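Working notes, beginning with the structure itself.
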Amino acid sequence: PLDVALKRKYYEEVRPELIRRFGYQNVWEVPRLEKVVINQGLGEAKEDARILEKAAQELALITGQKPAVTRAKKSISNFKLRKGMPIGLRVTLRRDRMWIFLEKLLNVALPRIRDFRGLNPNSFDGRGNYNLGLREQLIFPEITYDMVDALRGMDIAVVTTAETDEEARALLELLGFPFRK
Amino acid sequence: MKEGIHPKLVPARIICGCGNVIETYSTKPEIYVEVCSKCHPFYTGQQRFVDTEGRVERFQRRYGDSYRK
Amino acid sequence: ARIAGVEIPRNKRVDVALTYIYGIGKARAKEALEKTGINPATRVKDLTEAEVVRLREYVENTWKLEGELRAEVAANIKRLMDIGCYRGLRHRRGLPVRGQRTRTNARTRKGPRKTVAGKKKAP
Amino acid sequence: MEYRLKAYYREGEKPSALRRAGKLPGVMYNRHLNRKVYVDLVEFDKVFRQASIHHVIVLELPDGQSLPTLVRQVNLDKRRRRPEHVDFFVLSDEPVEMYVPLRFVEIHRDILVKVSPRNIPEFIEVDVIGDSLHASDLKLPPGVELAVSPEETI
Amino acid sequence: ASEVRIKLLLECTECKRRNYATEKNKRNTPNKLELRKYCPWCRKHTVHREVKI
Amino acid sequence: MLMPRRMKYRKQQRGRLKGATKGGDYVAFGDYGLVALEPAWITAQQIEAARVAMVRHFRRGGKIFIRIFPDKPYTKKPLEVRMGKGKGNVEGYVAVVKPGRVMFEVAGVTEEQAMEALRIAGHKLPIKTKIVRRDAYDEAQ
Amino acid sequence: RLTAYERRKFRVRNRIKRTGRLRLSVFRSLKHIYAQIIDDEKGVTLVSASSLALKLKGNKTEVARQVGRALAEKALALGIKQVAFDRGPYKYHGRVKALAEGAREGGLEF
RNA sequence: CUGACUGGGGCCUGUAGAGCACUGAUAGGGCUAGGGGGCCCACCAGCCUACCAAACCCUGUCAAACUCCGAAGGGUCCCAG
RNA sequence: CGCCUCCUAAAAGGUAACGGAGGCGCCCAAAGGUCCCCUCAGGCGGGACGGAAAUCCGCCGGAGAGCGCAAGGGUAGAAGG
RNA sequence: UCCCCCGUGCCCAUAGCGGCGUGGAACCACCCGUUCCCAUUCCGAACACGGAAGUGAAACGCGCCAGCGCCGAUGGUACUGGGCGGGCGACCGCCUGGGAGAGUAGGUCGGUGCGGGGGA
Ligand SMILES: [Mg+2]
Ligand SMILES: [Mg+2]
Ligand SMILES: [Mg+2]
Ligand SMILES: [Mg+2]
Ligand SMILES: [Mg+2]
Ligand SMILES: [Mg+2]
Ligand SMILES: [Mg+2]
Ligand SMILES: [Mg+2]
Ligand SMILES: [Mg+2]
Ligand SMILES: [Mg+2]
Ligand SMILES: [Mg+2]
Ligand SMILES: [Mg+2]
Ligand SMILES: [Mg+2]
Ligand SMILES: [Mg+2]
Ligand SMILES: [Mg+2]
Ligand SMILES: [Mg+2]
Ligand SMILES: [Mg+2]
Ligand SMILES: [Mg+2]
Ligand SMILES: [Mg+2]
Ligand SMILES: [Mg+2]
Ligand SMILES: [Mg+2]
Ligand SMILES: [Mg+2]
Ligand SMILES: [Mg+2]
Ligand SMILES: [Mg+2]
Ligand SMILES: [Mg+2]
Ligand SMILES: [Mg+2]
Ligand SMILES: [Mg+2]
Ligand SMILES: [Mg+2]
Ligand SMILES: [Mg+2]
Ligand SMILES: [Mg+2]
Ligand SMILES: [Mg+2]
Ligand SMILES: [Mg+2]
Ligand SMILES: [Mg+2]
Ligand SMILES: [Mg+2]
Ligand SMILES: [Mg+2]
Ligand SMILES: [Mg+2]
Ligand SMILES: [Mg+2]
Ligand SMILES: [Mg+2]
Ligand SMILES: [Mg+2]
Ligand SMILES: [Mg+2]
Ligand SMILES: [Mg+2]
Ligand SMILES: [Mg+2]
Ligand SMILES: [Mg+2]
Ligand SMILES: [Mg+2]
Ligand SMILES: [Mg+2]
Ligand SMILES: [Mg+2]
Ligand SMILES: [Mg+2]
Ligand SMILES: [Mg+2]
Ligand SMILES: [Mg+2]
Ligand SMILES: [Mg+2]
Ligand SMILES: [Mg+2]
Ligand SMILES: [Mg+2]
Ligand SMILES: [Mg+2]
Ligand SMILES: [Mg+2]
Ligand SMILES: [Mg+2]
Ligand SMILES: [Mg+2]
Ligand SMILES: [Mg+2]
Ligand SMILES: [Mg+2]
Ligand SMILES: [Mg+2]
Ligand SMILES: [Mg+2]
Ligand SMILES: [Mg+2]
Ligand SMILES: [Mg+2]
Ligand SMILES: [Mg+2]
Ligand SMILES: [Mg+2]
Ligand SMILES: [Mg+2]
Ligand SMILES: [Mg+2]
Ligand SMILES: [Mg+2]
Ligand SMILES: [Mg+2]
Ligand SMILES: [Mg+2]
Ligand SMILES: [Mg+2]
Ligand SMILES: [Mg+2]
Ligand SMILES: [Mg+2]
Ligand SMILES: [Mg+2]
Ligand SMILES: [Mg+2]
Ligand SMILES: [Mg+2]
Ligand SMILES: [Mg+2]
Ligand SMILES: [Mg+2]
Ligand SMILES: [Mg+2]
Ligand SMILES: [Zn+2]
Ligand SMILES: [Zn+2]
């Protein structure tokens with residue numbers, strides 16, 4: 001594997017601090033990142049522009065990973081939704097590509113967020129995972145105003161080996177997640 | 001990883017307005033950014049910008065105790 | 001999002017382009033360019049990134065803008081309501097706040113005419 | 001407590017015969033023993049109407065034993081409203097679950113409790129539209145365990 | 001069967017005998033059916049084409 | 001008066017009245033009860049007549065428990081028709097009541113008041129009844 | 001609650017057992033590979049072979065092919081000829097596939 | 001000599017009775033999302049509810065087209081009279 | 001007025017009435033064969049637009065989902081995807 | 001023969017859920033990698049391959065605990081084949097043989113076959 005600044009920071013700075021804060025007896029007991037899952041809820045592409053490969057390609061640019069499609073589990077009259085319609089894009093980031101994406105996210109993406117004043121301390125899984133939602137995709141460094149047809153937001157799942165909210169918070173905090181409270 | 005469908009991640013350098021430089025990996029070799037972690041007001045100390053005000057009001061008004069005694 | 005949080009329009013002059021930011025009228029445009037030493041007549045497309053960051057750095061630090069200004073405006077109105085003065089009461093019902101007549105007009109605050117039946121006449 | 005009641009043994013004597021001659025068929029048992037018994041109905045009726053399932057009844061067996069029991073089960077005859085069968089639960093040192101009456105100083109006349117037989121109480125005091133209490137908050141005189149769920153409404 | 005769901009014959013492309021009867025939905029499947037089928041005359045599998053019944 | 005809010009089936013076959021009641025044979029709630037001595041289909045209007053009798057005796061005091069519910073559809077053909085041509089229309093609801101069943105219970109009223117009330121109630125029913133008091137036998141079930 | 005692992009194991013084995021052949025079952029650990037030929041009617045194992053028992057080390061696939069040959073050698077000797085290959089939870093690939101190849105190479109019929 | 005009927009033995013079953021785990025019905029009480037109503041209030045939320053509201057719990061019940069259960073019998077084969 | 005499902009039907013099969021309830025007169029070239037892989041509904045918690053319900057994450061969840069259409073039987077150790 | 005681990009069956013919850021505890025020499029898992037075979041409607045998560053620094057944290061195995069789940073008598077009763085009576089009926093009773101369900105006592109934190117590896 002390769003050297004990424006955030007990854008190294010996890011092993012030499014974050015891991016020792018966590019043992020200090022919580023006192024694990026086993027080197028595996030200590031929290032890890034499992035995977036990061038990104039989802040473009042979409043469905044604006046249910047009928048109109050029935051294929052938005054644009055969102056896939058631009059999502060592919062940010063992660064380095066081509067997203068797979070998600071199709072409607074059931075038909076829903078009110079949402080003008082027929083079962084099996086392509087209504088989302090999901091990409092699962094693991095290992096290096098997870099670190100690289102989290103690294104730019106913390107370093108440049110979140111700061112680019114409009115009127116950004118920290119993340120939500122309350123958005124923790126209860127089971128030691130975290131989720132955050134973005135409304136603009138131009139927030140990422142490799143996406144610009146020139147290349148975009150329309151604003152698309154996303155949902156981000158950060159999944160940790162931590163059992164509890166308290167442990168996962170310390171991890172994400174120590175890694176560089178900026179929280180409002 | 002699957003051949004043909006993914007975009008290559010290469011060594012890349014992201015540059016901020018504050019002169020900050022970030023060594024990372026991207027689809028683009030060089031990228032220039034308006035803001036970053038190193039200089040963002042919320043991140044840097046508490047760089048309270050233009051607003052020290054809190055808020056002020058109302059009876060910072062003073063000016064003064066001139067009405068007589 | 002070039003500056004401040006917004007992308008000011010290329011192919012127009014800087015002094016005009018800056019105005020497209022919430023919180024910069026033409027007056028603050030002239031003064032910012034003077035204070036940072038950039039030509040007011042140069043198209044946004046034609047600015048050195050040196051000019052860009054210099055102009056950018058100034059503008060964001062000198063004045064509170066966009067969201068922050070909107071928030072500060074919002075807090076002010078909110079304050080008037082909560083105390084709550086006559087001024088605050090007017091904001092509650094969305095009527096004029098500065099002493100205008102409401103028997104007619106006031107459409108900007110009140111909105112579109114909700115026409116209603118009048119009083120019938122005899123036969 | 002406490003009450004005493006004569007009891008006798010049976011084998012192949014028909015239940016219908018016993019009942020026709022004024023006797024209540026029964027069984028007494030615990031972890032160690034199980035015996036087919038019968039008691040005199042009119043006598044049993046005198047005791048049970050005060051003893052119920054709350055208080056100890058001592059069976060004076062014909063063989064001289066005086067065994068400490070709780071009434072665990074009384075099978076009624078639905079048509080006539082008369083007892084058909086009695087289950088005498090033989091007490092020993094081990095803790096037993098039982099029902100203990102409640103005196104209000106009402107959805108529950110009594111409460112289910114896991115108490116040692118040596119320590120069996122006779123009272124539990126409860127201090128007093130539509131306000132009520134939930135067994136959890138109860139008196140609990142030493143050697144006594146709530147054998148319900150504290151959620152339960154009294 | 002119905003108007004949309006028609007009956008049809010399968011004709012061996014080589015020796016031209018009809019060997020099979022079956023059905024299709026000519027709205028769903030407007031193309032003439034082509035299926036490999038054992039032809040009893042040719043004593044081998046052959047492409048069979050849909051033919052009007 | 002009482003009837004099922006909704007039903008899976010509109011009409012039920014008549015069936016039988018063999019045996020003592022399945023359950024409901026012991027005092028569950030109140031202090032005094034009325035127990036059936038004979039099997040019958042007790043009607044909704046009969047149940048309501050007995051209840052309101054009890055209610056009037058109490059001058060709205062006390063508490064009344066009704067431990068039977070009329071969920072059996074009662075069907076009858078229109079007058080002066082002939083046999084056949086399908087089952088008659090549902091015209092009411094009944095509760096199957098067998099000997100030993102505690103139909104009603106009362107509480108929060110004096111013994112003299114319960115006895116008389118339960119007696120008046122019995123007179124509204126098409127069967128012989130008995131008045132009972134809560135016993136250790138009841139509380140033991 | 002069953003895992004996809006168990007379902008897969010149950011599914012291919014159930015299909016295998018119906019044929020009624022002797023069952024050449026194969027277990028594959030991170031280090032080793034094991035094979036035992038089984039009479040499911042008697043619930044008895046007739047012949048076994050494994051990398052651990054033969055004390056082989058090296059290329060896991062090459063080891064697999066060898067334990068396969070080993071199994072067959074003992075197999076034909078006991079009169080055993082036909083068998084049904086039980087890949088269980090494993091794809092028919094690689095180590096498992098090499099072992100099967102070895103058993104066939106050895107003279108087993110399947 | 002195979003028969004009706006009978007002894008022994010194996011297998012098949014879902015009724016009588018019962019039960020409430022499923023589908024529904026259902027009495028009283030507790031705990032409770034959507035409120036009804038409520039004095040408030042709408043600047044933005046709160047609190048009671050001697051009432052109508054899922055699920056859950058406790059007490060208590062009902063069912064041809066309900067069954068976690070489940071007889072006596074019945075059927076069929078074998079051996080025997 | 002023929003055919004299918006349930007009950008009536010009295011625990012084998014069969015069993016009637018102008019008895020109680022429904023459905024069929026189609027459909028599918030994949031909704032067929034085989035190989036390989038996969039596991040539901042629902043509940044709580046988390047998440048931009050986003051709602052009771054779209055898609056995403058976690059925990060629980062043996063089958064209450066699904067299997068073109070009535071009902072019954074069957075069924076995830078698949079007949080479902 | 002006895003103890004442990006690895007496969008694989010059988011009985012089909014007395015085997016389950018939860019709460020504890022315990023195990024890495026061996027075995028197994030996670031693990032280290034993703035060159036190679038193979039793989040992802042994206043992802044070396046899974047499937048697969050090459051490995052052996054580390055940890056038994058997860059998983060799995062093995063113990064404990066009866067809160068739940070599961071099992072569950074004896075006694076009595078319902079019902080009933082067969083034989084008899086009673087009631088205007090709805091329905092009730094006796095004889096003989098059979099005999100539940102619910103509930104009570106209580107029981108269970110599995111049992112065992114074959115093969116392999118290790119140990120006494
Ligand atoms: Mg450590
Ligand atoms: Mg939270
Ligand atoms: Mg976690
Ligand atoms: Mg950008
Ligand atoms: Mg890479
Ligand atoms: Mg402006
Ligand atoms: Mg005015
Ligand atoms: Mg005496
Ligand atoms: Mg009595
Ligand atoms: Mg008496
Ligand atoms: Mg008890
Ligand atoms: Mg044909
Ligand atoms: Mg067709
Ligand atoms: Mg053919
Ligand atoms: Mg011919
Ligand atoms: Mg044709
Ligand atoms: Mg009739
Ligand atoms: Mg009548
Ligand atoms: Mg009728
Ligand atoms: Mg008729
Ligand atoms: Mg009628
Ligand atoms: Mg009754
Ligand atoms: Mg009367
Ligand atoms: Mg009396
Ligand atoms: Mg070798
Ligand atoms: Mg191998
Ligand atoms: Mg196998
Ligand atoms: Mg003969
Ligand atoms: Mg014969
Ligand atoms: Mg016989
Ligand atoms: Mg016979
Ligand atoms: Mg019945
Ligand atoms: Mg029920
Ligand atoms: Mg019933
Ligand atoms: Mg009935
Ligand atoms: Mg039934
Ligand atoms: Mg049972
Ligand atoms: Mg029969
Ligand atoms: Mg027979
Ligand atoms: Mg027989
Ligand atoms: Mg003979
Ligand atoms: Mg039948
Ligand atoms: Mg026949
Ligand atoms: Mg089909
Ligand atoms: Mg296929
Ligand atoms: Mg939610
Ligand atoms: Mg949108
Ligand atoms: Mg289903
Ligand atoms: Mg339909
Ligand atoms: Mg094992
Ligand atoms: Mg065996
Ligand atoms: Mg433990
Ligand atoms: Mg340990
Ligand atoms: Mg463990
Ligand atoms: Mg080790
Ligand atoms: Mg070690
Ligand atoms: Mg490669
Ligand atoms: Mg462990
Ligand atoms: Mg227990
Ligand atoms: Mg517990
Ligand atoms: Mg039992
Ligand atoms: Mg018995
Ligand atoms: Mg009899
Ligand atoms: Mg008889
Ligand atoms: Mg008898
Ligand atoms: Mg008998
Ligand atoms: Mg018996
Ligand atoms: Mg029993
Ligand atoms: Mg009962
Ligand atoms: Mg008993
Ligand atoms: Mg034990
Ligand atoms: Mg257990
Ligand atoms: Mg075992
Ligand atoms: Mg053990
Ligand atoms: Mg075993
Ligand atoms: Mg052994
Ligand atoms: Mg050995
Ligand atoms: Mg040895
Ligand atoms: Zn910066
Ligand atoms: Zn031909």
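Computation of the quantities below employed the complete heavy-atom set of this structure, encompassing side-chain atoms and omitting hydrogens, waters and symmetry-equivalent molecules. Naming: A, B, ... by sequence-line order, numbering from 1 per chain.
Within the 4.0 Å cut-off from OP1 or OP2 of J:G103, not a single side-chain nitrogen or oxygen of D:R72 is found. Here G:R11 reaches the OP1 or OP2 of I:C37: one of its side-chain N or O atoms lies under 4.0 Å away. Checking the phosphate oxygens (OP1, OP2) of I:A29, a side-chain nitrogen or oxygen of E:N28 falls inside 4.0 Å. Applying the 4.0 Å criterion to OP1 and OP2 of J:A78, one finds that D:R79 has every side-chain N and O outside that range. Contact between the side-chain N/O atoms of G:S50 and the OP1/OP2 oxygens of J:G116 is not found at any separation under 4.0 Å. Residue G:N59 places at least one side-chain N or O closer than 4.0 Å to OP1 or OP2 of J:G50. Side-chain N/O atoms of D:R35 include none lying less than 4.0 angstrom from OP1 or OP2 on J:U74. Note on D:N75: every side-chain N or O is 4.0 Å or more away from OP1 and OP2 of J:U77. An OP1 or OP2 oxygen of J:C42 is reached within less than 4.0 angstrom by a side-chain nitrogen or oxygen of A:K66. Residue G:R15 has a polar side-chain atom (N or O) positioned under 4.0 Å from OP1 or OP2 of I:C35. A sub-4.0 Å separation between OP1 or OP2 of I:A21 and a side-chain N or O of F:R10 is absent. Between J:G50 and G:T61, a contact under 4.0 Å exists linking OP1 or OP2 to a side-chain N or O.
With a cut-off of 3.5 Å on both Watson-Crick or G-U wobble distances, the partner of H:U61 is given as H:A25. When Watson-Crick and G-U wobble pairs are counted only if both distances are under 3.5 Å, J:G115 pairs with J:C6. When both distances must be under 3.5 Å, the Watson-Crick or G-U wobble mate of J:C27 does not exist. Pair assignment for J:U22: J:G61, on the basis of Watson-Crick or G-U wobble contacts that are both within less than 3.5 Å. Under the Watson-Crick and G-U wobble criteria, each requiring two contacts below 3.5 Å, nucleotide I:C3 is paired to I:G23. Nucleotide H:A33 forms no Watson-Crick or G-U wobble pair with any nucleotide shown, as no partner meets the under 3.5 Å limit on both distances. For J:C47, there is no paired nucleotide, since no Watson-Crick or G-U wobble pair has both relevant distances below 3.5 Å. Checking J:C94 for Watson-Crick or G-U wobble geometry (two distances, each under 3.5 Å) identifies J:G83 as its partner.
Toward the 5′ end of RNA chain H lies the nearest nucleotide of F:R6, the other residue of the pair F:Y26 and F:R6 mapping further downstream.
Sugar pucker of I:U34 is north, as judged by a positive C1'-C2'-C3'-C4' dihedral. Using the sign of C1'-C2'-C3'-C4' as the criterion, J:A52 is classed as a south pucker. The torsion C1'-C2'-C3'-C4' is the criterion here, and for J:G117 it is positive, giving a north pucker.
D:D87 and D:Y29 form a side-chain donor-acceptor contact under 3.5 Å, judged by distance and modelled atom types alone. Between A:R97 and A:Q65, the side chains place a donor N or O and an acceptor N or O closer than 3.5 Å (distance only, hydrogens not considered). F:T21 and D:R79 are not linked by any side-chain donor-acceptor pair at a separation below 3.5 angstrom, with hydrogens and angles left out of the test.
With both ends at atom P, the span from J:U80 to H:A64 equals 16 Å, rounded to whole Å.
Cation-pi check for D:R72 over D:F88 is not met; the charged atom does not lie both under 6.0 angstrom from the ring centroid and within 45 degrees of its normal.
Here I:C26 is matched with I:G68 as a Watson-Crick or G-U wobble partner, both contacts being under 3.5 Å.
In this strand, I:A31 does not stack on its neighbour I:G32 when judged by six-membered ring centres under 5.5 Å apart and planes inclined by less than 30°. The six-membered rings of H:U13 and its strand neighbour H:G14 do not satisfy centres under 5.5 Å apart together with planes under 30°, so the two bases count as unstacked. Legend: stacked base step between I:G72 and I:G73; six-membered ring centres less than 5.5 Å apart, planes less than 30° apart. With a 5.5 Å centre cut-off and a 30° plane cut-off, the bases of I:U8 and I:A9 come out stacked.
Within the 4.0 angstrom heavy-atom criterion, no nucleotide atom of any strand lies near F:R82. Within 4.0 Å (heavy atoms only), A:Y130 reaches no atom of the nucleic acid at all. Across all strands, A:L151 comes closer than 4.0 Å to no nucleic acid atom at all (heavy-atom distances). In this structure, C:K78 reaches the bases: a heavy-atom distance under 4.0 Å links it to at least one base atom across the strands shown. Counting non-hydrogen atoms under 4.0 angstrom, G:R13 reaches the backbone sugars and phosphates but no base. Heavy atoms of D:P25 sit nowhere under 4.0 angstrom from any nucleic acid atom.
Distance alone, capped at 3.5 Å, is enough to place a donor-acceptor pair between the D:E13 side chain and the D:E11 backbone. The main-chain N or O of G:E62 is found under 3.5 Å from a side-chain atom of G:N59 such that the two form a donor-acceptor pair.
Once the 5.5 Å centre distance and the 30° plane angle are applied, the aromatic ring of F:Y9 is found stacked with the base of H:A65.
Side chain D:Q73 to base J:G75: a donor-acceptor pair is found below 3.5 Å. A donor N or O paired with an acceptor N or O is found under 3.5 Å between the base of J:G75 and the side-chain atoms of D:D87.
Glycosidic conformation at J:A52 (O4'-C1'-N9-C4 for purines, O4'-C1'-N1-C2 for pyrimidines): anti, more than 90° from 0.
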